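Enquirer: One structure, as structure tokens, below. Some questions next.
Readers should treat all values here as calculations from the given coordinates under stated rules, not as data from a laboratory. Note: ideal-geometry Cβ built from the backbone for every residue, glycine included; neighbour counts use all protein chains shown.
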Amino acid sequence: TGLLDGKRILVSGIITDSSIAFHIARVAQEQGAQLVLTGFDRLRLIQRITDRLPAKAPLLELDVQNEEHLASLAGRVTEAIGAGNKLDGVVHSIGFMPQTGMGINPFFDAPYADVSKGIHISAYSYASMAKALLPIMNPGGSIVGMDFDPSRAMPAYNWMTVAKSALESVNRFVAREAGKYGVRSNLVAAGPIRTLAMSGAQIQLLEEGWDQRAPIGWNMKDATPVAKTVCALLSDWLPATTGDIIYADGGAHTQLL
Amino acid sequence: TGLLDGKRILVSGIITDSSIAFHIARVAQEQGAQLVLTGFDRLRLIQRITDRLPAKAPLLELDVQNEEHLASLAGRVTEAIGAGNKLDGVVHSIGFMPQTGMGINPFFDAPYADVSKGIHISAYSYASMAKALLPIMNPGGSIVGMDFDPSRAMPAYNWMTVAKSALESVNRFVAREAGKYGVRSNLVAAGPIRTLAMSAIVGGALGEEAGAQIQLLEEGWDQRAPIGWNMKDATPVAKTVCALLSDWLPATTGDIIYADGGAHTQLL
Amino acid sequence: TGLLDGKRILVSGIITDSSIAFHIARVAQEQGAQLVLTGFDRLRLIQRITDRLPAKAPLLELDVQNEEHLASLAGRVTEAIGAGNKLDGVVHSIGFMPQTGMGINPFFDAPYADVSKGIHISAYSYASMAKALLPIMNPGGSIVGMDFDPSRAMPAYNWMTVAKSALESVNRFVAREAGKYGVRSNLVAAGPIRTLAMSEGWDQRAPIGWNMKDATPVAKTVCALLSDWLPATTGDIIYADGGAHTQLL
Amino acid sequence: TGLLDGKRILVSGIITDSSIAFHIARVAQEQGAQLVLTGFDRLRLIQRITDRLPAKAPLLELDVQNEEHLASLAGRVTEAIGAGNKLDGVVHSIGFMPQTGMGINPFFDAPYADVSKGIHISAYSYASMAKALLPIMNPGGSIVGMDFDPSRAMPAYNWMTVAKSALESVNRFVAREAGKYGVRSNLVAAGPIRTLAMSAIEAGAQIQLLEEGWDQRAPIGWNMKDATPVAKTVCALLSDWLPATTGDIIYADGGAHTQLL
Ligand SMILES: NC(=O)c1ccc[n+]([C@@H]2O[C@H](COP(=O)([O-])OP(=O)(O)OC[C@H]3O[C@@H](n4cnc5c(N)ncnc54)[C@H](O)[C@@H]3O)[C@@H](O)[C@H]2O)c1
Ligand SMILES: NC(=O)c1ccc[n+]([C@@H]2O[C@H](COP(=O)([O-])OP(=O)(O)OC[C@H]3O[C@@H](n4cnc5c(N)ncnc54)[C@H](O)[C@@H]3O)[C@@H](O)[C@H]2O)c1
Ligand SMILES: NC(=O)c1ccc[n+]([C@@H]2O[C@H](COP(=O)([O-])OP(=O)(O)OC[C@H]3O[C@@H](n4cnc5c(N)ncnc54)[C@H](O)[C@@H]3O)[C@@H](O)[C@H]2O)c1
Ligand SMILES: NC(=O)c1ccc[n+]([C@@H]2O[C@H](COP(=O)([O-])OP(=O)(O)OC[C@H]3O[C@@H](n4cnc5c(N)ncnc54)[C@H](O)[C@@H]3O)[C@@H](O)[C@H]2O)c1
Ligand SMILES: Oc1cc(Cc2ccccc2)ccc1Oc1ccc(Cl)cc1Cl
Ligand SMILES: Oc1cc(Cc2ccccc2)ccc1Oc1ccc(Cl)cc1Cl
Ligand SMILES: Oc1cc(Cc2ccccc2)ccc1Oc1ccc(Cl)cc1Cl
Ligand SMILES: Oc1cc(Cc2ccccc2)ccc1Oc1ccc(Cl)cc1Cl
């Protein structure tokens, strides 16, 4: 069996065992993929977190704002997977916005320097990651990013909403590039998942609306249905979708109430 | 293995071996599913087409406009799959619109009697298949219909575009009903496929504009599609459909998956 | 001054003085438009209602399901407005769904005859009115229908939601036909208005608030679209809902 | 009247007489509006240009990346219009992307410094103009910004497409802030118009085919040489005739975005 049997897949964004990335990595492994992980800040500790996966996997450092990590990244990856092998899969699960662009902070009070850093990490970095990895990607491959539906405004999400609108744009253009390698590019738009990144009456009402609107419910504490949706895109069962967004959100975005 | 291993699935809409429904059925059978097939009008002929599938599947008659067939459907289905068994999957791959409502024929000249029948078969029937069959679906099941992106108008497709807009709306409401059974409901928005459904409309426009426009409309897909589109090849859409029938999209209902090469995400 | 100064405008859909169409007509007449009105079933009663408007307007019978009514409409309208005169504007503010397709009746329990009737009246008729009327419209003219955002499923609205999705599709093909005459076609997606038809936290989502008792903001939007001030928008939807549709909460 | 009779409206973005801001301001003055104009770099020649408007109007300098222009903006406006007088309208008609993110330059080779610059100016400044000007806006006012439908990717527009997507998100959050003041915020997504910014973005031949393409898809047709249907739409949203719409987008594109072909 194995939905992802034989596939070599890069997975960024594990920071804890609650990380959406951690769960994509797990399910991908249960499904036959061989993975290469990347980690941003506390490599020593991410290494421990990743020790908890069903199988071992190289772990490389990637600070998505660091030019040098980006230039060296294709090279380091081939070393890890064995020269003469390419990636079949890439998962961008990275995101950041300064606190001032975030929750209770006045929307107008977030300075551009702060807005720019968050756009850098959350939006521009999807393109730079694709730039780095596409030369080492096989035909029939799949790049997947993580998205939270920015098509309407809402409390707290603030300038991250903006960064996700930009990310959706970037996705459409990356797909144009990836098409040349016979590679798909897509976003999974997830419901709220109880994560290190997630984290008063505003937020609660906002997050309660998923389970309510979703004809099949939504569980903020279960990352697996979103993980499976990501693998679905990494697999050969969505061969004809690109520059697109799959909604893994219990159907919530299709229901007014 | 078997993406659809052990799953029992109803596939409607086979009329020729080049039907999207034919190719959904076959990929499904290749992936371990056991099928029930429904066919509309020329059953003797359809059985001959369905004989060409790699595995046995029983073939029931279903005129979507016939209240008795829909009434009898659930029972006839359970007869075929054995009592105490239920479907995990249902494929609606059916569509009709009179000549009047399509192609070279002026948009304003389609009488409502014709549009009505088009929308009956093409949009309403989605809800009525769900009504008939949800009673015999397992939790975690999946209903899947076929769409052609109606978000923008376009030459020739005319009143079928109006049908598909309605379908998309029915799909969101069907998702609400189905959610109570642990069942998903989604559509696949396929790019254009060399099926036989567009044929007479194509033949009629041969000399005129929108014979040309249809060709240009059609050929724009591969142009926009950042990974290309190939109208002779139905298997990328059959796969996407199976993907939705499987357990690998457990969090999506009321929704539309575009199997179109990325075409709808690009302006050119 | 007078946004609609000199325009000649057909308004359908008045049944009471709470009707969106009544308010569209009042505002339009306040802005210098001269109107032709159409009424469905209760014409003596409707004349009673339309006497309450600032000015006079011929009142013509139109059952949108009656085909001989459609065939005669344009001739009847040209007698109303006089020889050599044309319509600058058409307002379609008609809708209907059997109770079977709505509210509390289980979605699945609506017979197709009921659904098909609601669709004929609420969506196809936008096309047949456009058909009947475009040959007597001026270039620069404007056809406007009423919408309620069916992009997402919702309680109660049920099969009207479907009829509206249909309507949105028809508008876009109506726009292709209308452009052949230099005419625009659009829809106004309104927030809920306490109307005959009939009609909680819309005011919530709306950044500028929403008053279900106030038809005027929507009537005004319809008028902006009949005017020369949106000369480059067609096959489109303008949202007169206080911005509600652009906010998750 | 005078669609805009007696209204005080600020218009940014005039650089030449083929500018979309130039036509908005001209139409606005034709409709009875009293204006205050802002200009970016070439202020002396912006003054020559605005001398070509139907009525004279105060010109202020505003570089949207200059925090002190923004801090003083309100004061200089009130002083331009007289104390105790507030604005009814704000028009954001400004954008920039460095060439690296902007045509045949590969999409992947745009340095984030260049992209961040274009986003600052094309998207972020919409919010920063609202923050500065809302404290001097009357209830019932309108803020309007300029858009180009970025819902689908396309050749040439590149990272500017990404900026517009962000703008659209920004617009909906400004609507939230503006609402508290009784003020609307909305974008006009226009079809292509031949402005300094269009050139650029060979040259002549791609334009003729864009002119042709857009015109065909548009049910009411499209003339890239004529800004006045777009200026009118902006005046419509500045007027009292669109009182129930914010956080939104009005397409003045001849309907082209509604048609596949
Ligand atoms: N959790 C949710 O409800 C939610 C919903 C939809 C989408 N998303 C998106 O999913 C993705 C993963 O977030 P999460 O919810 O798993 O939170 P998380 O805390 O688990 O992950 C955030 C990750 O981003 C990484 N990161 C930050 N800066 C980086 C940089 N400079 N270079 C490389 N990596 C960097 C961090 O290391 C961390 O692994 C994000 O893109 C997020 O916006 C989250
Ligand atoms: N072919 C394409 O390019 C394409 C693209 C997008 C979507 N679609 C959709 O795919 C679906 C299948 O179409 P296709 O292209 O395979 O054409 P097709 O001719 O193979 O299928 C149409 C099917 O609908 C059936 N049908 C008609 N009336 C019926 C009724 N009264 N009761 C039961 N069945 C009835 C026909 O018997 C036929 O099998 C349709 O919904 C169509 O709109 C097709
Ligand atoms: N009021 C709201 O909250 C709301 C919101 C969005 C859209 N709309 C739409 O606006 C339009 C007007 O509805 P309303 O709210 O003014 O209520 P209304 O009851 O005043 O309007 C409905 C009109 O449709 C007419 N009609 C029904 N069948 C007809 C037929 N066969 N031929 C000709 N006319 C026929 C009725 O006579 C009536 O005048 C409808 O399209 C409705 O869907 C209403
Ligand atoms: N021309 C078109 O086809 C088209 C189509 C849709 C939308 N738009 C949008 O319309 C707006 C106006 O563009 P245009 O086409 O009229 O071109 P334009 O060149 O005439 O005007 C663009 C303006 O942006 C200004 N600008 C750049 N950086 C600035 C800054 N730091 N501070 C203040 N102003 C700055 C320039 O001075 C110029 O006045 C832009 O936002 C553009 O994206 C243009
Ligand atoms: O993008 C996200 C979206 C959610 C869902 C959510 C949104 C708003 C209210 C409630 C829940 C949860 C986490 C998300 O990721 C991040 C958020 C902030 C930062 Cl700094 C970094 C990341 Cl990675
Ligand atoms: O829904 C469809 C969509 C297409 C794609 C296409 C559209 C227009 C031009 C070229 C190709 C092709 C066929 C489709 O099905 C039908 C069409 C008509 C009838 Cl009567 C019945 C069916 Cl099933
Ligand atoms: O389209 C409409 C929309 C509303 C606003 C509303 C929507 C949903 C929940 C609550 C209120 C109100 C009335 C509407 O028109 C009709 C509805 C039914 C019938 Cl039979 C006829 C018409 Cl004309
Ligand atoms: O936003 C725009 C959109 C267009 C329409 C267009 C798109 C693509 C091909 C042809 C025309 C034209 C000009 C636009 O403004 C700018 C573009 C670039 C720069 Cl640096 C600055 C501005 Cl202000």
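Enquirer: Go through the stretch C:161-196 residue by residue and tally those that are among the basic types (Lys, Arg), within 29 Å of residue C:99 (Cα to Cα) and more than 9 Å from ligand 3 (Cβ to nearest atom). Before you say what the answer is, go through the steps one by one.
Expert: The initial filter retains those residues of the stretch C:161-196 that are among the basic types (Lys, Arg), namely C:164, C:172, C:176, C:180, C:184, C:194.
This time we only want the ones that are within 29 Å of residue C:99 (Cα to Cα), so: C:164, C:172, C:194.
Keeping just the survivors that are more than 9 Å from ligand 3 (Cβ to nearest atom) gives C:172.
The total comes to 1.
Enquirer: What's the total number of residues in the stretch A:60-70 that are more than 16 Å from ligand 5 (Cβ to nearest atom) and either within 13 Å of another protein chain (Cβ to nearest Cβ) or in contact with a helix residue (DSSP H, G or I) (Cβ under 8 Å, 6 or more places away or on another chain) (or both)? Quick ask: steps written out before the conclusion?
Expert: From the stretch A:60-70, those more than 16 Å from ligand 5 (Cβ to nearest atom) are A:60-61, A:66-70; that's our starting set.
Next cut, either within 13 Å of another protein chain (Cβ to nearest Cβ) or in contact with a helix residue (DSSP H, G or I) (Cβ under 8 Å, 6 or more places away or on another chain) (or both) only: A:60-61, A:66-67, A:70.
So the count comes out to 5.
Enquirer: Right, next: Please specify each residue of the stretch C:152-194 satisfying the condition of being within 16 Å of ligand 2 (Cβ to nearest atom) and either touching a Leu at 6+ places or on another chain (Cβ under 8 Å) or not hydroxyl-bearing (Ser, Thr, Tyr) (or both).
Expert: C:166
Enquirer: Follow-up question, since we're still on this one. Looking at the stretch A:88-95, can you tell me whether even one residue there is within 11 Å of another protein chain (Cβ to nearest Cβ), out of contact with any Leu (no Cβ under 6 Å at 6 or more places or on another chain), more than 16 Å from ligand 6 (Cβ to nearest atom) and of a type outside the set (D, E, K, R)? Before the answer, list the steps.
Expert: Let us first name the residues in the stretch A:88-95 that are within 11 Å of another protein chain (Cβ to nearest Cβ), namely none.
Within the stretch A:88-95 (the criterion being within 11 Å of another protein chain (Cβ to nearest Cβ), out of contact with any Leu (no Cβ under 6 Å at 6 or more places or on another chain), more than 16 Å from ligand 6 (Cβ to nearest atom) and of a type outside the set (D, E, K, R)), the answer is no, since none of the residues qualifies.
Enquirer: Which condition from (1) facing chain B (nearest Cβ under 8 Å); (2) touching a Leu at 6+ places or on another chain (Cβ under 9 Å); (3) of a type in the set (A, V, I, L, M) is the one that residue A:214 breaks?
Expert: So the condition that residue A:214 fails would be (2).
Enquirer: So which residues in the stretch D:216-234 are in a helix (DSSP H, G or I) and closer than 25 Å to residue D:145 by Cβ, if there are any at all?
Expert: Within the stretch D:216-234, D:217, D:228, D:229, D:230, D:231, D:232, D:233, D:234 meet the criteria.
Enquirer: What number of residues within the stretch A:179-219 satisfy the criterion of being in contact with a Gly (Cβ under 8 Å, 6 or more places away or on another chain) and under 30 Å from residue D:111 (Cα atoms)?
Expert: 10
Enquirer: Enumerate the pairs (first residue in the stretch A:99-122 and within 9 Å of chain D (Cβ to nearest Cβ); second residue anywhere and of a type in the set (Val, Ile, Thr)) with beta-carbon separation below 6 Å, excluding pairs fewer than 6 apart on the same chain, so at least 6 apart or on different chains.
Expert: Once the first residue is within 9 Å of chain D (Cβ to nearest Cβ) and sits in the stretch A:99-122, its partners that are of a type in the set (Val, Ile, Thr) give A:110/A:100.
Enquirer: Name, by its number, the condition in (1) touching a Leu at 6+ places or on another chain (Cβ under 9 Å); (2) at the interface with chain C (Cβ under 10 Å from one of its Cβ atoms); (3) polar (S, T, N, Q) that does not hold for residue D:228.
Expert: (1)
Enquirer: So which residues in the stretch C:113-130 are surrounded by fewer than 20 Cβ atoms within 10 Å (Cβ to Cβ) and closer than 14 Å to residue C:158 by Cα?
Expert: Answer for the stretch C:113-130, where residues must be surrounded by fewer than 20 Cβ atoms within 10 Å (Cβ to Cβ) and closer than 14 Å to residue C:158 by Cα: just C:114.
Enquirer: Test of understanding: among C:203, C:228, which residue is in contact with a strand residue (DSSP E or B) (Cβ under 9 Å, 6 or more places away or on another chain) and surrounded by fewer than 18 Cβ atoms within 10 Å (Cβ to Cβ)?
Expert: None of the other options fit; the residue is C:228.
Enquirer: So, one more: Being under 26 Å from residue A:177 (Cα atoms) and in contact with a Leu (Cβ under 7 Å, 6 or more places away or on another chain), is that true of even one residue in the stretch D:138-151? If you could, list the steps in order and put the result at the bottom.
Expert: Pass one, the stretch D:138-151, residues under 26 Å from residue A:177 (Cα atoms): D:147-151.
The next check asks that each one be in contact with a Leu (Cβ under 7 Å, 6 or more places away or on another chain); those that pass are D:147.
Yes.
Enquirer: Search the stretch B:144-178 for residues being closer than 24 Å to residue C:104 by Cβ and β-branched (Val, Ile, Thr), and hand back the single one that is surrounded by the fewest Cβ atoms within 10 Å (Cβ to Cβ).
Expert: Among those that are closer than 24 Å to residue C:104 by Cβ and β-branched (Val, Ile, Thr), it is B:170.
Enquirer: For residue C:179, are the conditions met, namely being more than 16 Å from ligand 5 (Cβ to nearest atom), in contact with a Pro (Cβ under 6 Å, 6 or more places away or on another chain) and farther than 27 Å from residue A:205 by Cβ?
Expert: Here the answer is yes, as residue C:179 does meet what is asked.
Enquirer: Check off (1) in a loop (DSSP other than H, G, I, E, B); (2) more than 8 Å from chain B (Cβ to nearest Cβ) for residue A:245 and give me the number that stays unchecked.
Expert: (1)
Enquirer: A further question on this structure: Given the criteria charged (D, E, K, R) and either more than 21 Å from residue A:144 (Cα to Cα) or touching a strand residue (DSSP E or B) at 6+ places or on another chain (Cβ under 8 Å) (or both), does residue A:42 qualify?
Expert: Numbers: charged (D, E, K, R): yes; either more than 21 Å from residue A:144 (Cα to Cα) or touching a strand residue (DSSP E or B) at 6+ places or on another chain (Cβ under 8 Å) (or both): yes.
Yes.
Enquirer: Within the stretch D:206-222, can you find the residues that are within 19 Å of residue D:189 (Cβ to Cβ) and within 12 Å of ligand 4 (Cβ to nearest atom)? Steps first, please.
Expert: Here is the first cut: in the stretch D:206-222, the residues within 19 Å of residue D:189 (Cβ to Cβ) are D:210-211, D:213-222.
Residues satisfying the conditions are D:210, D:211, D:214, D:222.
Enquirer: Further, regarding this structure: Of all residues in the stretch D:1-17, which are within 14 Å of another protein chain (Cβ to nearest Cβ) and farther than 13 Å from residue D:140 by Cα?
Expert: D:1, D:2, D:3, D:5, D:6 - these are the residues of the stretch D:1-17 that are within 14 Å of another protein chain (Cβ to nearest Cβ) and farther than 13 Å from residue D:140 by Cα.
Enquirer: Being over 22 Å from residue A:115 (Cα atoms) and either away from ligand 6 (no atom under 16 Å from the Cβ) or more than 14 Å from chain B (Cβ to nearest Cβ) (or both) narrows it down to one residue among A:162, A:170, A:188; which is it?
Expert: Details: A:162 fails: over 22 Å from residue A:115 (Cα atoms); A:170 fails: over 22 Å from residue A:115 (Cα atoms).
The unique qualifying residue is A:188.
Enquirer: Can you confirm whether residue A:78 is over 21 Å from residue D:112 (Cβ atoms) and either surrounded by fewer than 18 Cβ atoms within 10 Å (Cβ to Cβ) or within 16 Å of ligand 5 (Cβ to nearest atom) (or both)?
Expert: yes
Enquirer: Would it be correct to say that residue B:229 is touching a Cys at 6+ places or on another chain (Cβ under 7 Å) and within 19 Å of residue B:27 (Cβ to Cβ)? If you could, list the steps in order and put the result at the bottom.
Expert: On the way: touching a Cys at 6+ places or on another chain (Cβ under 7 Å): no; within 19 Å of residue B:27 (Cβ to Cβ): yes.
So residue B:229 does not fit the description; no.
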